[PDB]
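Please read the structure below before turning to the comments.
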Amino acid sequence: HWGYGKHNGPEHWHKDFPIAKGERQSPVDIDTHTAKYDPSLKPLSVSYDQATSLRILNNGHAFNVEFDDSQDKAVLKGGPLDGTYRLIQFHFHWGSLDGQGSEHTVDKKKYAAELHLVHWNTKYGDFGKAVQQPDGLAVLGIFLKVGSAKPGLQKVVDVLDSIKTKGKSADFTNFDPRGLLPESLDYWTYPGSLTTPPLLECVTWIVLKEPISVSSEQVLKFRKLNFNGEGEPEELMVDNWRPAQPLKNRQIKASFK
Ligand SMILES: NS(=O)(=O)c1c(F)c(F)c(Sc2nc3ccccc3s2)c(F)c1F
Ligand SMILES: [Zn+2]
């Protein structure tokens, strides 16, 4: 029953998932002036050379590109992180218009979209167990603005017509997610949560400073997706983002400046 519309949208989530009003909820606004530079934070390590994508899926809330996480292939490590975390999927959140769509904001700025590359802590042996742990997940967030095309995103955009409606999937092999990374790896980092139900407070958030650009035609194709299933009255998949939640005590750290 949860979703993004008037009657089931984020402001309604706490009824089914009371952790919605918890102490480390995401996303947040990144106040770039109150974030603490920390010279002791390590460079992020993104080792994606051996990634193996398998499938793309419309789950009724976004689309996921899934990876085979059964060995140490695509991993995140270093940065603020203690273990190594394995890539399991990526997805995006986007707007009905270019002026909105991102979940994190930067001094109140909303970007057109936000890419989430979701990884899990190897010491918990799988994603299902990792989410019940406070340091179970690491999500690398990357902001999208509209301007020039991202060539590396086009294979994703071209297959979306085949997964139009809730439930649909398609084989999605040899997709290289290094094609979605900006040039710099400068980041902010803070402790928080899944930004969809079940809203578990299990995530180390790593948000890149440098957005990637995508074309208006790329983002327009995200907006032709559907929340509904093939049976049903079309609701376009747009504005599937949660807004910024209270920071409460937490401190946001910066890798830079
Ligand atoms: N916005 S987010 O990166 O915090 C996020 C995520 F990490 C995810 F891993 C997912 S999919 C997901 N599936 C399950 C299954 C069981 C328990 C928690 C989750 S989150 C998700 F939908 C999502 F929005
Ligand atoms: Zn997400």
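Going by Swiss-Prot, the residues shown for chain A are 4-260, listed in order.
Determined by X-ray crystallography, 1.9 Å, according to the entry header.
Backbone N, Cα and C atoms are what each Cβ position is placed from, and that goes for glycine too.
Some features that Swiss-Prot has for this protein:
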ACT_SITE  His64  active site, proton donor/acceptor
BINDING   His94, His96, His119  Zn(2+) binding site
BINDING   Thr198, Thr199  substrate binding site
MOD_RES   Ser165  phosphoserine
MOD_RES   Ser172  phosphoserine
SITE      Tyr7  site 'Fine-tunes the proton-transfer properties of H-64'
SITE      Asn62  site 'Fine-tunes the proton-transfer properties of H-64'
SITE      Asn67  site 'Fine-tunes the proton-transfer properties of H-64'
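Swiss-Prot feature annotations superimposed on the structure.
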{"residue": "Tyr7", "record": "site 'Fine-tunes the proton-transfer properties of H-64'", "Cβ neighbours (10 Å)": "19"}
{"residue": "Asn62", "record": "site 'Fine-tunes the proton-transfer properties of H-64'", "Cβ neighbours (10 Å)": "14"}
{"residue": "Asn67", "record": "site 'Fine-tunes the proton-transfer properties of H-64'", "Cβ neighbours (10 Å)": "21"}
{"residue": "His94", "record": "Zn(2+) binding site", "Cβ neighbours (10 Å)": "20"}
{"residue": "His96", "record": "Zn(2+) binding site", "Cβ neighbours (10 Å)": "26"}
{"residue": "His119", "record": "Zn(2+) binding site", "Cβ neighbours (10 Å)": "22"}
{"residue": "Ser165", "record": "phosphoserine", "Cβ neighbours (10 Å)": "13"}
{"residue": "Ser172", "record": "phosphoserine", "Cβ neighbours (10 Å)": "16"}
{"residue": "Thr198", "record": "substrate binding site", "Cβ neighbours (10 Å)": "24"}
{"residue": "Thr199", "record": "substrate binding site", "Cβ neighbours (10 Å)": "22"}
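Take the mean position of the Cβ atoms of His94, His96, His119, the recorded Zn(2+) site; other residues of that chain with a Cβ within 8 Å of it are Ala65, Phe93, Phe95, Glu106, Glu117, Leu118, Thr198.
Highlighted here would be the recorded positions (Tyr7, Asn67, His96, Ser165, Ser172) whose C-beta falls below 6 Å from ligand 1, but none qualifies. On its own chain, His64 (active site, proton donor/acceptor) has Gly6, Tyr7, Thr199, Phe230, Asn243 as residues at least 6 apart in sequence with a Cβ closer than 8 Å to its own Cβ. Taking a Cβ cut-off of under 6 Å from any atom of ligand 2, the recorded positions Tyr7, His119, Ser172, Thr199 reduce to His119. In terms of Cα distance, none of the binding-site residues chosen from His94, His96, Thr198 sits within 10 Å of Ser172 (phosphoserine).
Of all the binding-site residues in the list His94, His96, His119, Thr198, the shortest Cα-Cα distance to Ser165 (phosphoserine) is found for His94. Annotation: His94 are the binding-site residues among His94, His96, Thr198 whose CA atoms are within 10 angstroms of the CA of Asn67 (site 'Fine-tunes the proton-transfer properties of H-64').
DSSP gives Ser165 (phosphoserine) a helix state. In the three-state DSSP assignment, the secondary structure recorded for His94 (Zn(2+) binding site) is strand.
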